[PDB]
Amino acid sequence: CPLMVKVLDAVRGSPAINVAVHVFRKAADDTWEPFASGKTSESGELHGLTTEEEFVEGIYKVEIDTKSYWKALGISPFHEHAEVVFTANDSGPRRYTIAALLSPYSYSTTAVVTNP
């Protein structure tokens, strides 16, 4: 599992469960091609998005659907989504964890990158 997403809720002090995540990859013609998607589990984690073989070098966008999360909880938030855009695997395969901490009018995202 070379791409994992972890989401926390800063209002409840809990994992952010059932958060939809869509990953895109920049194609040769410079558009955002859909790459993988999923939703966070009861632990606020999303595993199984892709494989080492399919997660080739490229520029990736991880869109975390924060508005859809907050609205399903009946709250009106500020952002449409949190976007995390990065070049991956350009020095060989790595494992990436994208973490996000959510509030209704704010979020903070960090990457943990490890070398198998």
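Rigid core: the largest C-alpha set superposing within 1.5 Å between the two forms. One-based numbering along the sequence shown.
Farther-lying stretch by C-alpha RMS in 8 other deposited structures of this protein (rigid core fit) among 49 to 57, 73 to 81: Of 49 to 57 and 73 to 81, the stretch deviating more in 8 other deposited structures of this protein is 73 to 81.
Higher C-alpha RMS shift from the shown form in 8 other deposited structures of this protein - 83 to 91 or 33 to 41, rigid core fit: More C-alpha displacement in 8 other deposited structures of this protein shows up in 83 to 91.
Mean C-alpha B-factor comparison - 77 to 85 and 24 to 32, higher one: Stretch with the higher mean C-alpha B-factor: 24 to 32.
57 to 65 or 44 to 52, whichever carries the higher mean Cα B-factor: Of 57 to 65 and 44 to 52, the stretch with the higher C-alpha B-factor average is 44 to 52.
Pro104, C-alpha B-factor rank within chain (lowest, middle or highest third): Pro104: CA B-factor falls in the middle third of its chain.
Ranked against its chain, the third holding the CA B-factor of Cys1: Highest third - that is where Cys1 ends up once the chain's C-alpha B-factors are sorted.
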